[PDB]
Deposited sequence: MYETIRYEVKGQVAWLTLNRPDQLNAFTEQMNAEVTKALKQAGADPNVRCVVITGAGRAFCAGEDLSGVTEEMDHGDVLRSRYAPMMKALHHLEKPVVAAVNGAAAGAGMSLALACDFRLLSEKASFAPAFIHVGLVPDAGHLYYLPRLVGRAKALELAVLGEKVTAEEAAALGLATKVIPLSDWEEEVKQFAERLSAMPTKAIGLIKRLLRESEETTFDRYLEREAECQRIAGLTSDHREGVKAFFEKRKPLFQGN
C-alpha cells in the first residue's frame, strides 16, 4: 500500500490522510511522492468527485521533517504541480497544527475547514528560510500583499479564529462536530457537477495568468464543454421541473 499516507475512497470522496503522526505528518521524500501519485489517481478516477486532505493524529502537517533548492524541485514541485492541475475540488481538513510547508499545502487547497484547535504557523523565517512549496504565490492571492508579507516576515502563528478573520478559513468547526461536518461538506461537494467545478478551477488558473481579452476566449471554450455535459441537461430539466437535480459529474 502507501506507507506515509492513507488513500481511501468512501462514497465518491477520496480521503487523502497524511500519515506520519509521530512526526506531526512532516513531509519526507516518499510522502511527497505518494501524495503526488494519489492526487493524480484521484484526478483520473471517474468515481472520485471530491478530495479531502487531512492529518492523522493531533496535527495537520508540521511541514518539512527536520541543497534546499534540489529538495524543492525534486520532491515538492511535482506534488504542488499535481495539486495545482487537479480539476476536482480539494478540501484541506485542517485538524490541528499546520506549519511550514504544511501551511503551504493548506493554502493550495480550494477550501480550508479548520478545527477549533487548528492553527497556521508561517514558521520558515524563524529558521532563516523563505516560505516555500508555493506559499508566496498563494498567500497574497488570498490575503493581499501587506498581510502576506506580515505573515512571511514576522512569522507569527495564527489561531483558527484569527485565520477565519484573515480570510484563510472556509469555516471553523467545533471539535465534537469535526468528523461529521467534514464528511458532510465533502459529500456535499461530491454531489455537485464535478466537471463544471473542474472547469471553474481551470478558469481561475486562466484568470491569474492571462489578459482580459484572452480570458474571455478561454471562458467561452470552457462553457461549450460544460454545456455538452450530462449534468447541464439534468440541471435544466430539474429547474424546469421545480425539482432537486441529481448530478453525476459528467
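Deposited-sequence segments unaccounted for in the coordinates:
That stretch is 67-73, the only one.
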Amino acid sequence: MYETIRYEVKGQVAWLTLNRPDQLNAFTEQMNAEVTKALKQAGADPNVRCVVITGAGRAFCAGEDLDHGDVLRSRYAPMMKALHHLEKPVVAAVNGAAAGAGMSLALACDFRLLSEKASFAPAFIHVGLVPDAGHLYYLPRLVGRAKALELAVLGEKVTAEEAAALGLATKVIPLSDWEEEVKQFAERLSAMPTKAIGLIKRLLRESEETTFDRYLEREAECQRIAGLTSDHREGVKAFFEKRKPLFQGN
From here on, numbers count along this sequence of modelled residues.
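Fill in: Higher-B stretch (mean Cα B-factor, as the entry records it), 126-134 or 175-183
Mean C-alpha B-factor is greater for 175-183.
### Query
Mean CA B-factor: is it higher for 216-224 or for 53-61?
For C-alpha atoms only, the mean B-factor is higher in 53-61.
Subject >> Candidate residues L66, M192, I200, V48, the one whose C-alpha B factor the record puts highest >> reply: Of the candidates given, the C-alpha B-factor peaks at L66.
Check: According to the PDB entry, is the CA B factor of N95 in the bottom, middle or top third of its chain, that is, lowest, middle or highest?
Finding: Answer is middle: the recorded C-alpha B-factor places it there.
Inset, instruction - Would you mind ranking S119 by its C-alpha B-factor against the rest of the chain and naming the third, lowest, middle or highest? - result: As the PDB entry reports it, the C-alpha B-factor of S119 lands in the lowest third of its chain.
task: State the tercile, meaning the lowest, middle or highest third, of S104 with respect to the CA B-factors recorded for its chain.
output: Lowest third - that is where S104 ends up once the chain's C-alpha B-factors are sorted.
| Comparing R141 with the other modelled residues of its chain, is its CA B-factor in the lowest, middle or highest third? | As the PDB entry reports it, the C-alpha B-factor of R141 lands in the lowest third of its chain.
* To do: Divide the modelled residues of the chain into thirds by Cα B-factor and specify which third, lowest, middle or highest, holds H84.
  => Middle third of the chain for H84's C-alpha B-factor.
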